[PDB]
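Read the structure below first, then the notes.
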Amino acid sequence: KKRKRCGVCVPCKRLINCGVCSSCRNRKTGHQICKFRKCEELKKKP
DNA sequence: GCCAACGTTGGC
DNA sequence: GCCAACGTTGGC
Ligand SMILES: [Zn+2]
Ligand SMILES: [Zn+2]
């Protein structure tokens, strides 16, 4: 299964894709959420 | 069936 | 070990 966003971090609370980060500009091919909405808990840990 | 957006990997 | 690209799938 896909992990669910946490719904409580600042990114999760943002409503709208910014439209200008690289995730947003390449959305059709890269299929990624806006860098500013990406759930903090879903990022890669080193 | 659509589509937002997470998971995986070839090629580097 | 990274990440562009794609496939996938849960929720609608
Ligand atoms: Zn953005
Ligand atoms: Zn979150």
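What follows draws every value from the coordinates through simple rules; no lab data is involved. Using ideal geometry, Cβ is built from the backbone for each residue, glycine included, and neighbour counts are taken over all protein chains shown.
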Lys pairs in chain A with Cα under 15 Å (8 or more apart in sequence, or on separate chains) total 11
On each of the three principal axes the extent of the alpha-carbon atoms of chain A, given in whole Å and largest first, is 24, 22, 21
The summed charge of the A:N17 Cβ neighbourhood (under 10 Å; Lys/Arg +1, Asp/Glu -1) stands at +4
Measuring from its Cα centre, chain A shows a charge dipole (+1 at each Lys and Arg Cβ, -1 at each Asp and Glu Cβ) which, in debye to the nearest 20, is 200 debye
